[PDB]
Amino acid sequence: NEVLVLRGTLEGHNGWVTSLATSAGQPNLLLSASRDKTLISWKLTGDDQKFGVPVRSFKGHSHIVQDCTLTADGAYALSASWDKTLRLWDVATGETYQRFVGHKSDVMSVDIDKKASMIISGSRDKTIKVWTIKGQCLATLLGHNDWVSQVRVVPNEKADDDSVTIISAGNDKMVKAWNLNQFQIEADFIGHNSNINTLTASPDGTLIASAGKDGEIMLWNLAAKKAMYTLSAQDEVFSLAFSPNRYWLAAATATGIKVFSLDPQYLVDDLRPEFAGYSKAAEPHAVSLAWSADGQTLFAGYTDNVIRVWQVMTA
RNA sequence: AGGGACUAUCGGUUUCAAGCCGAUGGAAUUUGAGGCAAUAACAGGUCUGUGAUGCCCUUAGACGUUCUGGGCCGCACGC
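When we follow PDB author numbering, the leftmost residue of the first sequence carries the number 4, and every step to the right adds one.
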């Protein structure tokens, strides 16, 4: 039934959209990512023209943003980039509470646990490093031999003990899940055929996805740690997306979005629309995606310089 | 003190080699510019820079030295 219809975008950046972020406490309060050294804050007013007011740039690094994770409260935006950081931005404002420095090779990430505290970040030095909500390390993990690509938060409804769990990534072709308090050892994902360039997580504590340079999307549990639904999607995803509470997958496969539908096992609905003056090898192929925090609004993002948000509505 | 630019990023253009346009970012035609500048030389110039210097000449009516005065600034004109 669900005819998914393709609508007004929100265009704005000069470089190349490379993440994007579900606001995670004020789902308007969009908050978007970059390549050309900012973060254009887009409202969703919504009211039609502009779908819905590009109200704070935020400028820079010196170099290219690969991320922009919102807090558990959702008004404090956490940077990264190719000049070896963080720089915690204020969503409201233009400012740098705490330069977090220290890496060597080019952050690839950023994420924040359910209370806004013991943050993490991958790298190319081939680690990891915790930097609390101060430029300071708990510790500097080293179990991987590689470019560890991405790490995620998971959002726990066994109501949290308190010695918790997070995750990771990927040229050694593996994952590894680090107690976020005292980085202990828990399981990994063996097998794959090249680069793990992403992963994702459950919106309670028992779901995950990884993904593709091979084609296959190798799925989860964390609270079963057993390898799952093994799909086959040709090119790659660069750019994965849970609906929050539907059971819909969203990931941007080059080519679709393949909604795969992680219950039964079907292709509902592929969005490759809209398109004007190209030689293929121009599509202006994505690099970040999200599901309205409250879970409709897919904020579909693309290279080019035009975000193209595309919600699901009625038959 | 240091860092920082590599024609970089797609797009073309080609033996899809070495290369070459264009547009973006950029502070930024080999980044601009000089300076060092093999191989072999020329009988180019210079002993009128030398207490660097061969061989001739000069050696006190010296062509060595020095006080004066003018001389290289003299014009129908050629470059």
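Every residue gets a Cβ at the ideal spot worked out from N, C-alpha and C, and that includes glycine.
Taking the CA atoms as reference points, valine 20 sits about 24 Å from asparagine 174.
The distance from the Cβ of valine 68 to that of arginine 90 is about 10 Å, inconsistent with a contact at the 8 Å cut-off. The alpha-carbon separation between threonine 41 and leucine 32 amounts to approximately 16 Å. Assignment of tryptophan 313 by DSSP, reduced to helix, strand and coil, places it in the coil class. With contacts defined by Cβ atoms closer than 8 Å, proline 30 and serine 295 form a contacting pair. Counting of Cβ neighbours within 10 angstroms places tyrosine 79 among the buried residues, the total reaching 16 or more.
Taken through DSSP and simplified to helix, strand or coil, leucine 81 comes out as strand. Here the alpha carbon of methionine 121 sits roughly 15 Å from the alpha carbon of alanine 180. With fewer than 16 other beta carbons inside 10 angstroms of its own, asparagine 148 counts as exposed. Taking a cut-off of 8 Å on C-beta distances, the segment 192-203 does not touch the segment 159-166, as fewer than three cross pairs fall below it. Residue environment analysis places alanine 214 among the buried positions, since at least 16 neighbouring C-beta atoms fall within 10 angstroms of its C-beta. Taken through DSSP and simplified to helix, strand or coil, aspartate 114 comes out as strand. Counted as a single uninterrupted DSSP element, the beta strand (DSSP E) harbouring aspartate 93 occupies residues 91-93. Residues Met221 of the same chain have their beta carbon placed closer than 7 Å to that of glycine 194, with the five preceding and five following residues left out of the count.
Closest in alpha carbon position to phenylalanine 263, among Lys53, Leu252, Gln187, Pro287, is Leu252.
It is roughly 33 Å from the alpha-carbon of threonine 233 to the alpha-carbon of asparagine 308.
By the neighbour-count criterion, in which 16 or more other beta carbons inside 10 Å mark a residue as buried, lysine 132 falls on the buried side. Rounded to the nearest angstrom, the gap between the Cα atoms of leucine 73 and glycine 280 is 36 Å.
Beta bridge pairing from DSSP links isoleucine 67 with no other residue. In terms of Cβ geometry, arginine 10 and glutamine 268 do not form a close pair [threshold 8 Å]. With 16 or more other CB atoms across the displayed protein chains lying within 10 angstroms of its CB, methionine 177 is buried. Cβ-Cβ distances below 6 Å link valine 156 to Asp114, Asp116, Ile169 in the same chain, with the five nearest sequence neighbours on each side left out; the list follows chain order. Only buried fits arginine 311, as 16 or more other CB atoms lie within 10 angstroms of its CB.
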